[PDB]
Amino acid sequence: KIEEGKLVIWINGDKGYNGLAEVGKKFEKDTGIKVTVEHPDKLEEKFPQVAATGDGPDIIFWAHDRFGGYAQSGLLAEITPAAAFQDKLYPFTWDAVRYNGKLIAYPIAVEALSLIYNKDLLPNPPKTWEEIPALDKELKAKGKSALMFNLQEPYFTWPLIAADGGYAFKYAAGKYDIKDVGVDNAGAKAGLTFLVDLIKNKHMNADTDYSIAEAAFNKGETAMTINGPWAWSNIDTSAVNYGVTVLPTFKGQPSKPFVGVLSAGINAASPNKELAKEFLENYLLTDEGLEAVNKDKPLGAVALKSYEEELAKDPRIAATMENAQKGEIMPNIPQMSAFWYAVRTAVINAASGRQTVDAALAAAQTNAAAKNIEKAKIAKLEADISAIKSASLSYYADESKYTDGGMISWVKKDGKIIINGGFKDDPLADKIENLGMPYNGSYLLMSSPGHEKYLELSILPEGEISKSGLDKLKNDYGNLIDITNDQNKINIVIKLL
């Protein structure tokens, strides 16, 4: 597996691997332990493969959002920074590296979109989204546009969509509710309507993508763009006198970009967890260590307070941190994949006029949340099935058979559950009386007085279950379940034995 007595570190090729290796050299000088910094290809996919088999690097550097997935597969050790060390980093960066209620990585850097503007065309950039239409008219009179940025990817359009109330997944305690998506609320509609209005009023074109926007800003054709630190060096080569500042407000509220946090995780299979902790806390996450990495290739804004104070001398870095603090931590759960595709489709459909804003987002809410909502409903239905089977078994323990009588019916009326026209189980032990009945339908348990094994439960759910949903029931039980009437009133019968 992983060789003890040493540190293998994986970081992406676009980061400062030379500087990190120099921090490694200071570590080997003080301790004798060699540090191998490599930047292999496809590092994001290679780690989950090799780490599951109990191999790989000791420390993996990657954007925090993948780490929640890694943690679910148990590939990451819980880190143990003392309170004194935690206060050296901005509190909001620690929230980006939590899964369950556990710290699962060290925050390194902080990144978010900003407003980039051409100082020659526009020495005072607009504070509000609302004033950009008038600005575009005044600039189109001189052959220039106000604002071009990538409209094809919801990462770039989300700051406006979220400003008045949009969100990806609600965050509560230390967990995301994968059932609560904020794509079709009034705030998200208002933000997307403003975006579409900009396009219908000819202030932007629905076909603008990353390359068109970057080319237009670099050739001084548009006064503003929206982009991240990765784009700065191509504007330097362009020689355009540019600035970087806070994103415009919408309805008086800041734009809310997604925040990406470069993070260092410790492989759960590492026999060098103490060495890795010592390296990350007392060598890398210092002014001297981050300086080493930044001088090789800049980090942007950093989570370490002391060095951020120094990098923030650069107003572009200060703006990145300000937009980040006003933004939304990108959720670190794998359910974001459905979020990205859903919102990407909605924006493209609404911007090109192929759908209304309401239809686009209603569909997107569905595409992002429906599967997870049903999965919860199926699980609660299966909980009821197991609860009914449990009580039926408990009855046999004390009484002759499964049911006392022949049949029992649960039906839900208007917020209450009714049982025949008389109480059945007749107990203080069972009764259950805690069936969610997630599809509000009817349950009917069947038995015939005699030799046992005739335990059949008939469920008549109200509400269409998906193919994926009904097929989950087929893999969970097998030949013991008969879905009849695949249309109208679907009927499900399970033999509880």
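Numbers for residues come from their place in the sequence shown, where the first is 1.
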Comparing mean C-alpha B factor in the record for 402-410 and 357-365, the higher one is 402-410
Which is higher on mean Cα B factor in this entry, 16-24 or 482-490? 482-490
According to the Cα B-factor stored in this entry, which of the following is highest: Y167, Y155, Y117, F423? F423
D65: CA temperature factor from the record, placed by chain third, in the lowest
Test of reading the entry: by CA B factor among the chain's modelled residues, which third contains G415? highest
Classify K175 as lowest, middle or highest third according to the C-alpha B-factor given in the PDB entry, relative to its own chain. highest
Where does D314 sit by CA temperature factor within its chain: lowest, middle or highest third? highest
Splitting the chain's C-alpha B-factors into thirds, which one does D197 fall into? middle
